[PDB]
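**Student:** My structure is stored as query-v7.cif, with mmCIF, C-alpha atoms.
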```
data_protein
loop_
_atom_site.group_PDB
_atom_site.id
_atom_site.type_symbol
_atom_site.label_atom_id
_atom_site.label_comp_id
_atom_site.auth_asym_id
_atom_site.auth_seq_id
_atom_site.Cartn_x
_atom_site.Cartn_y
_atom_site.Cartn_z
ATOM 1 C CA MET A 1 8.069 1.546 -11.373
ATOM 2 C CA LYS A 2 10.627 -0.360 -9.246
ATOM 3 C CA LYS A 3 10.222 1.068 -5.734
ATOM 4 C CA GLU A 4 10.730 0.092 -2.050
ATOM 5 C CA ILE A 5 8.207 0.994 0.704
ATOM 6 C CA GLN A 6 9.335 1.212 4.362
ATOM 7 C CA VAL A 7 6.808 0.796 7.182
ATOM 8 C CA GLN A 8 8.309 0.176 10.647
ATOM 9 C CA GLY A 9 10.560 -2.929 10.391
ATOM 10 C CA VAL A 10 9.167 -4.186 7.071
ATOM 11 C CA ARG A 11 10.161 -3.150 3.554
ATOM 12 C CA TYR A 12 7.930 -4.066 0.633
ATOM 13 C CA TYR A 13 9.483 -4.321 -2.849
ATOM 14 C CA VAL A 14 6.918 -2.954 -5.352
ATOM 15 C CA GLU A 15 7.257 -3.685 -9.074
ATOM 16 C CA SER A 16 3.639 -3.354 -10.329
ATOM 17 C CA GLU A 17 0.137 -2.299 -9.249
ATOM 18 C CA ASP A 18 -0.701 -5.877 -8.121
ATOM 19 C CA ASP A 19 2.108 -5.451 -5.565
ATOM 20 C CA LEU A 20 0.612 -2.163 -4.336
ATOM 21 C CA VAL A 21 -2.692 -3.932 -3.713
ATOM 22 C CA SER A 22 -0.873 -6.619 -1.702
ATOM 23 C CA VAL A 23 0.921 -4.032 0.460
ATOM 24 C CA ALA A 24 -2.338 -2.119 0.920
ATOM 25 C CA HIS A 25 -3.954 -5.343 2.186
ATOM 26 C CA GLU A 26 -1.100 -5.971 4.660
ATOM 27 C CA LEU A 27 -1.097 -2.448 6.033
ATOM 28 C CA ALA A 28 -4.875 -2.481 6.557
ATOM 29 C CA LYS A 29 -4.618 -5.742 8.502
ATOM 30 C CA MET A 30 -1.868 -4.040 10.594
ATOM 31 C CA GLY A 31 -4.414 -1.320 11.411
ATOM 32 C CA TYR A 32 -3.209 1.557 9.261
ATOM 33 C CA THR A 33 -5.867 4.050 8.140
ATOM 34 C CA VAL A 34 -6.739 4.715 4.484
ATOM 35 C CA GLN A 35 -5.078 8.142 4.794
ATOM 36 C CA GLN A 36 -1.921 6.432 6.074
ATOM 37 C CA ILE A 37 -1.920 3.702 3.385
ATOM 38 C CA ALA A 38 -2.261 6.338 0.651
ATOM 39 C CA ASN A 39 0.759 8.318 1.863
ATOM 40 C CA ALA A 40 2.836 5.164 2.338
ATOM 41 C CA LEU A 41 2.186 3.952 -1.247
ATOM 42 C CA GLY A 42 2.038 7.310 -3.074
ATOM 43 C CA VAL A 43 -1.521 6.881 -4.324
ATOM 44 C CA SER A 44 -4.855 8.548 -3.523
ATOM 45 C CA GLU A 45 -7.318 7.503 -0.832
ATOM 46 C CA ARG A 46 -9.733 6.495 -3.620
ATOM 47 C CA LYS A 47 -7.227 4.017 -5.102
ATOM 48 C CA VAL A 48 -6.623 2.580 -1.617
ATOM 49 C CA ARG A 49 -10.387 2.164 -1.030
ATOM 50 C CA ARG A 50 -10.578 0.242 -4.346
ATOM 51 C CA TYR A 51 -7.609 -1.855 -3.270
ATOM 52 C CA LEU A 52 -9.114 -2.825 0.085
ATOM 53 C CA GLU A 53 -12.363 -4.059 -1.502
ATOM 54 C CA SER A 54 -10.405 -6.887 -3.261
#
```
Mind turning this structure into structure tokens?
**Tutor:**
Amino acid sequence: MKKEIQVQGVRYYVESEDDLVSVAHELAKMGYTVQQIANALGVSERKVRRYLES
């Protein structure tokens, strides 16, 4: 699943689920909501909640 995620001025290159977790972590720290992280990454809010507890 090679895929590029654009949030504001940053683009995250995603190649695996470990990369999605990393982006999730960055976006949370930048103050994005769980709803907003889920839409940005193309996953569910449940997956994002799992991601942010790591």
**Student:** Please evaluate the PyMOL selection byres ((chain A and resi 42) around 12) against the structure above and give the resulting residues as an MDAnalysis selection string.
**Tutor:** chainID A and resid 1 3:5 14 17 20 23:24 34:41 43:48
**Student:** Quick check, in Å to one decimal: how far apart do atom CA of residue A:6 and atom CA of residue A:52 lie?
**Tutor:**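 Separation of atom CA of residue A:6 and atom CA of residue A:52: 19.4 Å.
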**Student:** Could you jot down the atom CA of residue A:30 to atom CA of residue A:13 separation for me, Å, one decimal place?
**Tutor:**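 Atom CA of residue A:13 lies 17.6 Å from atom CA of residue A:30.
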**Student:** To one decimal place, how far is atom CA of residue A:53 from atom CA of residue A:10 in Å?
**Tutor:**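 A separation of 23.2 Å between them.
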**Student:** Identify which of the residues A:31, A:26, A:49, A:54 lies closest to residue A:12, counting all atoms listed in the file when measuring atom-to-atom distances.
**Tutor:**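 So, comparing all the options, the nearest one is A:26.
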